[PDB]
Structure formats: structure tokens, C-alpha cells
>>> print(open('coords.txt').read())   # compact mmCIF, C-alpha atoms and all ligand atoms
# COMPACT_ATOMS: atom_id res chain seq x y z
CA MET A 1 16.78 14.55 -4.43
CA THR A 2 13.04 14.60 -3.85
CA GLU A 3 12.25 11.55 -1.72
CA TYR A 4 8.83 10.10 -0.87
CA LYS A 5 8.78 7.66 2.04
CA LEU A 6 5.93 5.20 1.52
CA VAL A 7 4.65 2.45 3.85
CA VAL A 8 2.61 -0.62 2.84
CA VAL A 9 0.24 -2.04 5.44
CA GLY A 10 -2.62 -4.53 5.51
CA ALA A 11 -3.65 -7.98 6.62
CA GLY A 12 -1.69 -11.19 6.13
CA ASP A 13 -1.15 -12.40 2.56
CA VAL A 14 -2.94 -9.50 0.86
CA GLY A 15 0.16 -8.96 -1.28
CA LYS A 16 2.12 -6.20 0.45
CA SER A 17 5.48 -7.76 -0.35
CA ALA A 18 4.33 -8.78 -3.84
CA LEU A 19 3.21 -5.22 -4.63
CA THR A 20 6.52 -3.86 -3.34
CA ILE A 21 8.75 -6.30 -5.26
CA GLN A 22 6.64 -5.68 -8.37
CA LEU A 23 7.34 -1.97 -8.04
CA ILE A 24 11.06 -2.44 -7.38
CA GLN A 25 12.01 -5.48 -9.50
CA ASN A 26 9.08 -5.78 -11.97
CA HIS A 27 8.90 -9.40 -10.73
CA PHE A 28 5.85 -11.28 -9.43
CA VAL A 29 6.77 -13.15 -6.26
CA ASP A 30 5.21 -16.62 -6.60
CA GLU A 31 6.67 -18.70 -3.74
CA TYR A 32 9.61 -16.80 -2.21
CA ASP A 33 8.18 -13.81 -0.43
CA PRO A 34 10.60 -11.83 1.78
CA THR A 35 8.66 -12.76 4.97
CA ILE A 36 11.14 -10.52 6.83
CA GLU A 37 10.07 -6.87 6.52
CA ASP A 38 12.53 -4.57 4.73
CA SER A 39 12.92 -1.16 3.07
CA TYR A 40 13.28 -0.77 -0.70
CA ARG A 41 14.52 2.17 -2.74
CA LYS A 42 14.19 3.12 -6.39
CA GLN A 43 14.59 6.18 -8.56
CA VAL A 44 11.49 6.68 -10.71
CA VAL A 45 9.90 9.36 -12.85
CA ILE A 46 6.44 10.32 -11.55
CA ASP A 47 4.42 12.80 -13.65
CA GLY A 48 7.66 14.12 -15.11
CA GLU A 49 9.34 14.44 -11.70
CA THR A 50 12.51 12.44 -11.10
CA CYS A 51 12.33 11.27 -7.51
CA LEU A 52 13.33 8.51 -5.14
CA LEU A 53 10.84 6.16 -3.49
CA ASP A 54 11.68 4.49 -0.19
CA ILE A 55 9.09 1.78 0.40
CA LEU A 56 8.78 0.11 3.79
CA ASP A 57 7.12 -3.33 3.64
CA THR A 58 5.35 -4.11 6.92
CA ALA A 59 4.16 -7.28 8.62
CA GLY A 60 0.48 -8.20 8.69
CA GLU A 61 -0.19 -5.89 16.75
CA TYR A 62 1.00 -2.87 18.73
CA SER A 63 4.72 -2.14 19.07
CA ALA A 64 6.70 0.97 20.01
CA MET A 65 9.30 0.08 17.38
CA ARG A 66 6.64 -0.58 14.75
CA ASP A 67 5.31 2.89 15.55
CA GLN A 68 8.86 4.18 15.01
CA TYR A 69 9.02 2.47 11.61
CA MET A 70 5.54 3.69 10.66
CA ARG A 71 6.05 7.25 11.93
CA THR A 72 8.66 7.75 9.20
CA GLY A 73 6.06 7.16 6.48
CA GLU A 74 4.84 10.20 4.57
CA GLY A 75 2.08 8.18 2.90
CA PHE A 76 0.49 4.79 3.32
CA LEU A 77 -1.05 2.12 1.11
CA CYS A 78 -3.74 0.17 2.97
CA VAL A 79 -3.96 -3.11 1.09
CA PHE A 80 -6.66 -5.74 1.11
CA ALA A 81 -7.20 -8.69 -1.22
CA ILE A 82 -10.41 -8.54 -3.25
CA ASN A 83 -10.94 -12.28 -2.76
CA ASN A 84 -10.63 -12.12 1.04
CA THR A 85 -13.44 -10.44 2.98
CA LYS A 86 -11.63 -10.49 6.34
CA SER A 87 -8.72 -8.55 4.83
CA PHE A 88 -11.16 -5.85 3.70
CA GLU A 89 -12.79 -5.69 7.13
CA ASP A 90 -9.34 -5.37 8.70
CA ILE A 91 -8.62 -2.14 6.76
CA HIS A 92 -10.27 -0.10 9.50
CA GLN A 93 -7.69 -1.22 12.08
CA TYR A 94 -4.71 -0.39 9.88
CA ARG A 95 -6.06 3.08 9.13
CA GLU A 96 -6.67 3.67 12.84
CA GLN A 97 -3.05 2.73 13.58
CA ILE A 98 -1.74 5.19 10.98
CA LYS A 99 -3.88 8.05 12.31
CA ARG A 100 -2.59 7.45 15.84
CA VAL A 101 1.08 7.16 14.86
CA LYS A 102 1.02 10.23 12.58
CA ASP A 103 -1.10 12.21 15.09
CA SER A 104 -3.44 13.22 12.30
CA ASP A 105 -6.82 12.42 10.79
CA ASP A 106 -5.74 13.47 7.26
CA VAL A 107 -2.71 11.29 6.43
CA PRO A 108 -1.87 10.77 2.72
CA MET A 109 -3.23 7.32 2.05
CA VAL A 110 -4.58 5.15 -0.77
CA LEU A 111 -6.96 2.19 -0.49
CA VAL A 112 -5.60 -0.72 -2.55
CA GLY A 113 -7.79 -3.66 -3.57
CA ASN A 114 -5.13 -6.12 -4.69
CA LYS A 115 -5.35 -9.43 -6.61
CA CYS A 116 -7.66 -7.88 -9.22
CA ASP A 117 -6.56 -10.54 -11.73
CA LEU A 118 -8.81 -12.83 -9.67
CA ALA A 119 -12.28 -12.44 -11.11
CA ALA A 120 -13.60 -14.70 -8.31
CA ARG A 121 -13.77 -11.78 -5.92
CA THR A 122 -15.60 -11.52 -2.61
CA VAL A 123 -15.30 -7.72 -2.20
CA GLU A 124 -17.08 -5.74 -4.90
CA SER A 125 -15.47 -2.58 -6.29
CA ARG A 126 -18.56 -0.63 -5.21
CA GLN A 127 -18.09 -1.58 -1.53
CA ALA A 128 -14.46 -0.44 -1.57
CA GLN A 129 -15.33 2.79 -3.40
CA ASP A 130 -17.92 3.51 -0.70
CA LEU A 131 -15.39 2.92 2.09
CA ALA A 132 -12.70 4.97 0.35
CA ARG A 133 -15.05 7.90 -0.35
CA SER A 134 -16.07 7.92 3.31
CA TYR A 135 -12.39 8.09 4.26
CA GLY A 136 -11.77 10.76 1.59
CA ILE A 137 -8.94 8.81 -0.09
CA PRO A 138 -8.35 7.31 -3.55
CA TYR A 139 -9.17 3.69 -4.33
CA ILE A 140 -7.13 1.70 -6.84
CA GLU A 141 -7.40 -1.95 -7.84
CA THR A 142 -4.09 -3.69 -8.50
CA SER A 143 -2.63 -7.02 -9.48
CA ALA A 144 0.93 -7.78 -8.40
CA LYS A 145 0.64 -10.83 -10.68
CA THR A 146 -0.27 -9.04 -13.93
CA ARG A 147 1.26 -5.68 -12.75
CA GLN A 148 -2.01 -3.85 -13.50
CA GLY A 149 -2.37 -0.82 -11.27
CA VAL A 150 0.81 -1.51 -9.29
CA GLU A 151 2.70 1.64 -10.30
CA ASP A 152 -0.66 3.52 -10.34
CA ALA A 153 -1.19 2.82 -6.63
CA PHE A 154 2.27 3.97 -5.54
CA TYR A 155 2.31 7.03 -7.81
CA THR A 156 -1.20 8.06 -6.76
CA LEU A 157 0.03 7.90 -3.17
CA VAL A 158 2.88 10.24 -4.13
CA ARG A 159 0.32 12.63 -5.66
CA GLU A 160 -1.62 12.58 -2.38
CA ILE A 161 1.60 13.44 -0.53
CA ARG A 162 2.29 16.33 -2.91
CA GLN A 163 -1.10 17.96 -2.43
CA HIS A 164 -1.41 17.35 1.33
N1 LIG B 201 -3.20 -13.95 -8.10
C1 LIG B 201 -2.53 -13.08 -7.34
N2 LIG B 201 -1.80 -13.55 -6.35
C2 LIG B 201 -1.19 -12.57 -5.67
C3 LIG B 201 -1.25 -11.21 -5.88
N3 LIG B 201 -0.49 -10.53 -4.95
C4 LIG B 201 0.02 -11.47 -4.20
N4 LIG B 201 -0.37 -12.74 -4.59
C5 LIG B 201 -0.01 -13.99 -3.93
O1 LIG B 201 -0.54 -13.88 -2.63
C6 LIG B 201 0.33 -14.53 -1.67
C7 LIG B 201 0.66 -13.53 -0.58
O2 LIG B 201 1.53 -12.49 -1.08
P1 LIG B 201 2.53 -11.69 -0.14
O3 LIG B 201 3.19 -10.68 -0.99
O4 LIG B 201 3.46 -12.63 0.53
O5 LIG B 201 1.63 -10.99 0.88
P2 LIG B 201 1.98 -10.29 2.18
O6 LIG B 201 0.84 -9.34 2.35
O7 LIG B 201 3.35 -9.71 2.08
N5 LIG B 201 1.97 -11.38 3.35
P3 LIG B 201 2.52 -11.20 4.85
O8 LIG B 201 1.50 -10.46 5.66
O9 LIG B 201 2.57 -12.59 5.43
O10 LIG B 201 3.84 -10.48 4.74
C8 LIG B 201 1.53 -15.02 -2.50
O11 LIG B 201 1.45 -16.41 -2.83
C9 LIG B 201 1.49 -14.16 -3.76
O12 LIG B 201 2.04 -14.78 -4.91
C10 LIG B 201 -2.02 -10.71 -6.95
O13 LIG B 201 -2.18 -9.53 -7.27
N6 LIG B 201 -2.65 -11.74 -7.65
CA CA B 202 9.94 13.49 1.54
MG MG B 203 4.97 -9.72 3.34
>>> encode(input="coords.txt", output="C-alpha cells")
Amino acid sequence: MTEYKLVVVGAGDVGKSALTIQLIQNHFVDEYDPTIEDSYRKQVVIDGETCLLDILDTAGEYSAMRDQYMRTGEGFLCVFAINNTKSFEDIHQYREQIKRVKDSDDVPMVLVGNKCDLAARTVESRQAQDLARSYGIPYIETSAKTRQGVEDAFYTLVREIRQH
């Protein structure tokens, strides 16, 4: 079956595990986050295509084994939290790590501004749109809490993989 291997990266506590578990289990993780990084699989229909997603949840430095885990990704979600400025600034470092590991400057990737249920945001949508457009990648706002945008972010990443 058609399989899309996706990897979720970004700074601590931006919601990588929460986005992943929302996609897989439709559940919002409140207190019990996996903390230990794992791989999750699910058969979904994306734009009429039945396919399998394998999602690797990553930890929020450099490791040869982490490169080995990341090298298997076909596409990447770079997640920040819209109420945490440092996590947005950190996006540059995660994108640099992907480019190195994939040996490419055009890796299928989506910028994810998570926690968009929080109207008390420190990163404005316009700033993230600017950054995304300068990278040449989509930008999607998500909430793992309300589930808004969650499937949109993963499926848009699949679309980027398809057209690469
Ligand atoms: N309000 C709100 N809280 C969220 C959202 N996503 C995650 N959270 C909360 O943010 C905290 C961090 O989430 P978590 O999934 O553990 O993030 P992480 O990026 O996996 N952290 P780590 O880097 O330590 O693995 C949790 O308490 C979670 O409930 C969201 O969209 N909205
Ligand atoms: Ca594949
Ligand atoms: Mg986590």
C-alpha cells in the first residue's frame, strides 16, 4: 500500500506528541504525553487515496542515530507554538537539520503554528506566513486541543510529498 513516512520536529512542548496522538487516536493529550519518542501508523483516506501514514514523533541536539531516524522521513512538520516566541525562533535550526540529513534544500515540509486555540498568542500569523513563504513551504495553524487543522497539517504534508 501507498505509505507516507512523516516526521514531526520542533522545540520542547510545542505539541509534537499531542498533534501525533490527535491524528492517531483523536484524543487530546492533557497530562500523559508519551515523553519517549515512538512511531505511529494509521490507514487514512487523503484526497480520495487510501494510504498508510507512519508518523515518527521526535524529541525537542546532534546524534548519528537521530539522523538515522530522521533520514527515513519523506516529509517533515516543523512545529512551533504560537504562544511561545522562542519555539518560533528555533524553527530555523530544525529546518537546517532536515536539509543536512536529507542532503537537499527542497525537502517536503510544512510549517505548523500549533496551539491556535490560544488567542493569547505571541507569534502573529503574518510573521509565520512571511517565514514560510521565504522557505517556499505551506503554513498551517493547528490546535491539538480542539483538533482544528490537525489532519490538515499532516495531509498537506502528504500533498507536498506527492508533488515533490
Ligand atoms: N491549549 C493547547 N495546549 C496544547 C496544544 N498542543 C499541546 N498542548 C499542551 O502543550 C503541552 C506540551 O505538549 P506535548 O505534546 O507534550 O509537546 P511535545 O512537543 O511533544 N513536548 P516534548 O518536546 O517534551 O516531547 C501539553 O500539556 C499539551 O496538553 C494545543 O494545540 N493547545
Ligand atoms: Ca513512501
Ligand atoms: Mg513529545
>>> closest_atom_pairs(input="coords.txt", of="chain A", to="ligand LIG 201 (chain B)", cutoff="8 Å", atoms="all atoms listed in the file", output="Markdown table")
| residue | atom | partner | partner_atom | distance |
| --- | --- | --- | --- | --- |
| A:9 | CA | B:LIG201 | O6 | 7.9 |
| A:10 | CA | B:LIG201 | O6 | 6.7 |
| A:11 | CA | B:LIG201 | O8 | 5.8 |
| A:12 | CA | B:LIG201 | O8 | 3.3 |
| A:13 | CA | B:LIG201 | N5 | 3.4 |
| A:14 | CA | B:LIG201 | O6 | 4.1 |
| A:15 | CA | B:LIG201 | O5 | 3.3 |
| A:16 | CA | B:LIG201 | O6 | 3.9 |
| A:17 | CA | B:LIG201 | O3 | 3.8 |
| A:18 | CA | B:LIG201 | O3 | 3.6 |
| A:19 | CA | B:LIG201 | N3 | 6.5 |
| A:20 | CA | B:LIG201 | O3 | 7.9 |
| A:28 | CA | B:LIG201 | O12 | 6.9 |
| A:29 | CA | B:LIG201 | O12 | 5.2 |
| A:30 | CA | B:LIG201 | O12 | 4.0 |
| A:31 | CA | B:LIG201 | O11 | 5.8 |
| A:32 | CA | B:LIG201 | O4 | 7.9 |
| A:33 | CA | B:LIG201 | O4 | 5.0 |
| A:34 | CA | B:LIG201 | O4 | 7.3 |
| A:35 | CA | B:LIG201 | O10 | 5.3 |
| A:36 | CA | B:LIG201 | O10 | 7.6 |
| A:37 | CA | B:LIG201 | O10 | 7.4 |
| A:57 | CA | B:LIG201 | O7 | 7.6 |
| A:58 | CA | B:LIG201 | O10 | 6.9 |
| A:59 | CA | B:LIG201 | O10 | 5.0 |
| A:60 | CA | B:LIG201 | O8 | 3.9 |
| A:79 | CA | B:LIG201 | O6 | 8.0 |
| A:81 | CA | B:LIG201 | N3 | 7.9 |
| A:114 | CA | B:LIG201 | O13 | 5.2 |
| A:115 | CA | B:LIG201 | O13 | 3.2 |
| A:116 | CA | B:LIG201 | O13 | 6.0 |
| A:117 | CA | B:LIG201 | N6 | 5.8 |
| A:118 | CA | B:LIG201 | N1 | 5.9 |
| A:142 | CA | B:LIG201 | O13 | 6.3 |
| A:143 | CA | B:LIG201 | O13 | 3.4 |
| A:144 | CA | B:LIG201 | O13 | 3.7 |
| A:145 | CA | B:LIG201 | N6 | 4.6 |
| A:146 | CA | B:LIG201 | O13 | 6.9 |
| A:147 | CA | B:LIG201 | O13 | 7.5 |
>>> residues_around(input="coords.txt", residues="residue A:102", least_positions_apart="6", cutoff="12 Å", atoms="all atoms listed in the file", output="PyMOL selection string")
chain A and resi 67-76+95-96+108-109
>>> closest_residue(input="coords.txt", among="A:158, A:51, A:24, A:8", to="residue A:91", atoms="all atoms listed in the file")
A:8
>>> atom_distance(input="coords.txt", atom1="atom CA of residue A:139", atom2="atom CA of residue A:38")
24.9 Å
>>> closest_residue(input="coords.txt", among="A:134, A:55, A:22, A:103", to="ligand CA 202 (chain B)", atoms="all atoms listed in the file")
A:55
>>> atom_distance(input="coords.txt", atom1="atom CA of residue A:122", atom2="atom CA of residue A:156")
24.7 Å
>>> closest_residue(input="coords.txt", among="A:5, A:127, A:56, A:26", to="ligand MG 203 (chain B)", atoms="only C-alpha atoms and all ligand atoms")
A:56
